[PDB]
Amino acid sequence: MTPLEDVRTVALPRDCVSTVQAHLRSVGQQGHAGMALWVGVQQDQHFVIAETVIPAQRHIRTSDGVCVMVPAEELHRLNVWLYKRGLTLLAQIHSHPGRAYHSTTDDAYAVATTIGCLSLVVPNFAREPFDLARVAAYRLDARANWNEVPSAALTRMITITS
């Protein structure tokens, strides 16, 4: 079976964008970061996103900012659900209060843990429309580094479908 690392193109349904942005904007109106996940099915070097998951999550204030935590019971439930549905976890998405980037916390405690997974960061509590050139995106390499996928590459990789 082709590994997730070999994915080069991604089909993202518009409705899956809408469910991410609705969640991020909603908790962002309360000053919180949110987290969402994109799951789907791989075919060779192509990946079709099928659903958005909004995991059960808590909102915590840190020394300098905010974070969102997904509890162990929910990460287990996610694992089982993916198995039952025949789905694969491609990406995590979260929001920042201001500028989007991968923090030290982001680098260390990702949910999307497989080589080849994506981690997208949405700025300004998702107040603006979701835009693949506005996010800060990262992809996990075989050395467990979250390397930047710049806007040009990201907008080539991911096509929003309707």
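Heads up: residue numbers just count along the shown sequence, starting at 1.
Taking the mean C-alpha B-factor of each stretch as recorded, 59-67 and 94-102 are not equal, and the higher mean is that of 59-67. With 109-117 and 44-52 compared on mean CA B-factor from the PDB entry, the stretch scoring higher is 44-52. In this entry, the residue among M35, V39, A137, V27 with the greatest C-alpha B factor is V27. For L154, the recorded CA temperature factor ranks within the lowest third of the chain's modelled residues.
The PDB entry assigns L75 a C-alpha temperature factor belonging to the middle third of its chain's modelled residues.
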